[PDB]
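Those sequence lines, one after another, are chains A and C.
Mapping to the entry's author numbering: the first sequence position 72 is 90, numbers consecutive.
Mapping to the entry's author numbering: the second sequence position 21 is 777, numbers consecutive.
We put the beta carbon where it would ideally sit given N, CA and C, even for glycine.
A short write-up of the structure that comes next.
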Amino acid sequence: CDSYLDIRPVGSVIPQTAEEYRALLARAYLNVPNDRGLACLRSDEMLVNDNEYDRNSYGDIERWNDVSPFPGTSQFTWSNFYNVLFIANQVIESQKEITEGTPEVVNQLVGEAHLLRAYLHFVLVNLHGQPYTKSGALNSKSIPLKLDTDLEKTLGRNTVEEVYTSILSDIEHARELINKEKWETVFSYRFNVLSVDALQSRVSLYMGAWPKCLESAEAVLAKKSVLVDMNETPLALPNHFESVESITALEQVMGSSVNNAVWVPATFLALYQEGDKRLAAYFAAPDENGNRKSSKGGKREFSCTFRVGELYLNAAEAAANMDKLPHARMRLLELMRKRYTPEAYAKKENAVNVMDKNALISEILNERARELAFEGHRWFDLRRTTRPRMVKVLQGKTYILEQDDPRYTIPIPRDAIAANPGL
Amino acid sequence: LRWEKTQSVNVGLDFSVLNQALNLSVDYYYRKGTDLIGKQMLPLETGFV
């Protein structure tokens, strides 16, 4: 007769070992979309080139031309998000079926999958969903949640509250499973123990939960606090994966094409003070109109999802938002000390010490804009705080994005709608 | 993954007359097969096209 119905085919690679599941998860890590830079294309920190073959791709994104974009405009990768989500869910579902691995290794694999799922849902719901802090947005259908590996099911859009509940649940699941304090530099894209806290801090900052944001930022800051002192090294980028500032070097925010096809407008560069090491380290020499190409991305070695510089600002903003100006002014001015010259840092310290909570919050936001420039942290930080009216003059025309615009949310890509009409 | 369903009905007549001098057997059938395995264009919310 036969035996148990436990037979594996022998023509392909069927992942069963912890090594094979790590290979599958590494392939998932590879395909994390670079859509945060494409989203920041809609902010005030990027300027597409004035030549053709580059306007056709990113111009309509720059001008918020959602209703009638160019046929050849660059599309947001809705498919890659859910491919990586499928692999994350496969690793999550095969917990007890992973063999030839110690309990700690399998637990960390599943925790990394949980955190990858939470991070992907977070960035997806911030791309194509209304901001959490916006009034009337907690019950608006944003994106479907990929919580299984089902193939014969059509997913419907979830409300923003459900998506964020899932993100927080997965962060909690990953907190109790990830057990690796530090990864190798070459393998640094994988989520560590501090990655859970950094993601929790960012999620709570985007949600508006200031106490939890500050708690998580302080929890990660008790272990990793050392910044890149660019007064000692005037050419060291914290965005670099070799940096001591990096926590997770996963997402290369700016792709080669996107980086090569954008300048930095002089209006954005006017936010930098006279003595600022970021002014020269981040960008190149000026041009005819004062526009600078950015040397902070476009190649795979400038990969960074989380780092200490962002968490300092997270803690500063959380402290400033709950009437803790001592704490905010302490966490702040600890970043400018590492980014400003000593001649300008004293003036910055005096200015910071002579503001109230609203002016301090505005200064913290400006410091976030300067520090996290070309790191996929401008469009979303615009959506979080105020949704300010933005005027952009391009090709002799003017384009105006009103305050609280419906265009602050990027519509779901056309391929996603074509495959799933109820989207 | 499963088998492919085939829901079928059959109505048949058996007739025999004159010491089997002539036998007739008619069968009308209707077989509707569903859950057939084939390539489908899936929604992009799963990992595949």
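Is the CB of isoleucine 105 of chain A under 9 angstroms away from at least one CB in chain C?
Yes, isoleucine 105 of chain A lies at the interface with chain C (some Cβ there is under 9 angstroms from its Cβ).
Taking 9 angstroms as the threshold (beta carbon to beta carbon), is residue 447 of chain A in contact with chain C?
One cannot answer for residue 447 of chain A here, as it falls past the ends of chain A, which runs 19 to 441.
Relative to chain A, which residues along the region 781–797 of chain C have a C-beta separation below 8 angstroms, given in chain order?
Identification of residues in the region 781–797 of chain C having a C-beta nearer than 8 angstroms to some C-beta of chain A yields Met797, given in sequence order.
Taking contact to mean at least 3 C-beta pairs separated by less than 8 angstroms, is the region 136–152 of chain A in contact with the region 215–230 of chain A?
yes
Assuming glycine 327 of chain A and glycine 55 of chain A make a contact with CB atoms under 8 angstroms, what is their CB distance in whole Å?
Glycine 327 of chain A to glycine 55 of chain A, Cβ: 18 angstroms. No contact.
Span of the beta strand (DSSP E), counted from its first residue to its last, around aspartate 770 of chain C
First-last of the beta strand (DSSP E) with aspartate 770 of chain C: 761–773.
Assigned exposure category for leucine 757 of chain C - 16 Cβ within 10 Å defines buried:
exposed
Going by alpha carbons, who is nearest to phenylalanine 88 of chain A out of A:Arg432, A:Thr266, A:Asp78?
A:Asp78
Extent of the continuous beta strand (DSSP E) to which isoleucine 418 of chain A belongs:
415–419
Is the region 255–265 of chain A in contact with the region 277–287 of chain A, if contact means three or more CB pairs nearer than 8 angstroms?
no
The region 365–384 of chain A / the region 300–314 of chain A touching (three or more Cβ pairs under 8 angstroms):
no
Any non-hydrogen atom of the ligand NAP closer than 8 angstroms to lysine 761 of chain C Cβ:
As far as ligands go, the structure on display features none, and thus does not contain the ligand NAP.
Considering only DSSP beta bridges, list what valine 124 of chain A is partnered with.
Answer is none; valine 124 of chain A lacks a bridge partner.
Helix, strand or coil for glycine 327 of chain A, going by three-state DSSP, please let me know.
helix
What residues from chain A crowd round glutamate 801 of chain C, counting only those whose CB sits closer than 7 angstroms?
Under a criterion of Cβ atoms nearer than 7 angstroms, the residues of chain A adjacent to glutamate 801 of chain C are, in order, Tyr100, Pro162, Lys164, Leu173, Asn438.
Could you list which residues in chain C have their beta carbon closer than 9 angstroms to that of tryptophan 96 of chain A, in chain order?
For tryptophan 96 of chain A, the chain C residues whose Cβ falls inside 9 angstroms of its Cβ are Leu800, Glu801, in order along the chain.
Who are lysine 788 of chain C's beta bridge partners in DSSP?
C:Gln763
Along the alpha helix (DSSP H) that carries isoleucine 435 of chain A, what are the first and last residues, could you check?
432–437
Quick check on DSSP: helix, strand or coil for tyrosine 150 of chain A?
coil
Quick check on the DSSP output: the alpha helix (DSSP H) that includes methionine 348 of chain A runs from which residue to which?
Taken as a continuous stretch (DSSP letters only), the alpha helix (DSSP H) holding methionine 348 of chain A covers 343–349.
Helix, strand or coil at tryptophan 201 of chain A [DSSP, three-state]
coil
Leaving out five residues before and five after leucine 329 of chain A in sequence, what residues of the same chain have Cβ atoms less than 7 angstroms from its Cβ?
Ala216, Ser219, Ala235, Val238, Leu239
If we ignore side chains and look at the alpha-carbon of each, how far apart do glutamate 361 of chain A and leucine 253 of chain A end up?
19 angstroms
Residues in the same chain with beta-carbon distance under 7 angstroms from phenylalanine 804 of chain C, minus the five sequence neighbours each way, listed in chain order, please.
These residues qualify, in order along the chain: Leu798.
Between the Cα of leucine 232 of chain A and the Cα atoms of A:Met340, A:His139, A:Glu367, A:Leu42, which residue gives the shortest distance?
A:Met340
Could you tell me which residues DSSP pairs with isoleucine 161 of chain A in its beta bridges?
A:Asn176
Short check: CB of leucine 145 of chain A to CB of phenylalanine 94 of chain A, under 9 angstroms?
yes
Check whether chain A comes within 9 angstroms of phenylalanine 771 of chain C, counting only Cβ atoms and requiring the distance to be less than that.
no
Chain C within 9 angstroms of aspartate 168 of chain A, Cβ atoms only
yes
Span of the beta strand (DSSP E) holding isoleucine 265 of chain A?
264–266
Using DSSP with H/G/I as helix, E/B as strand and the rest coil, what is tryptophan 96 of chain A?
helix
Flag this pair as yes or no: are the beta carbons of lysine 366 of chain A and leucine 390 of chain A separated by less than 9 angstroms?
no
Whole-angstrom Cβ separation of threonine 266 of chain A and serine 213 of chain A, contact assumed at under 8 angstroms?
5 angstroms
Proximity winner among A:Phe99, A:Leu134, A:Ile32, relative to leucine 800 of chain C (alpha-carbon distances)
A:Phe99
Would you kindly work out how many angstroms separate the C-alpha atoms of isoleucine 196 of chain A and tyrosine 207 of chain A, rounded to a whole number?
14 angstroms
For chain A, is any of its Cβ atoms less than 9 angstroms away from the one on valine 805 of chain C?
yes
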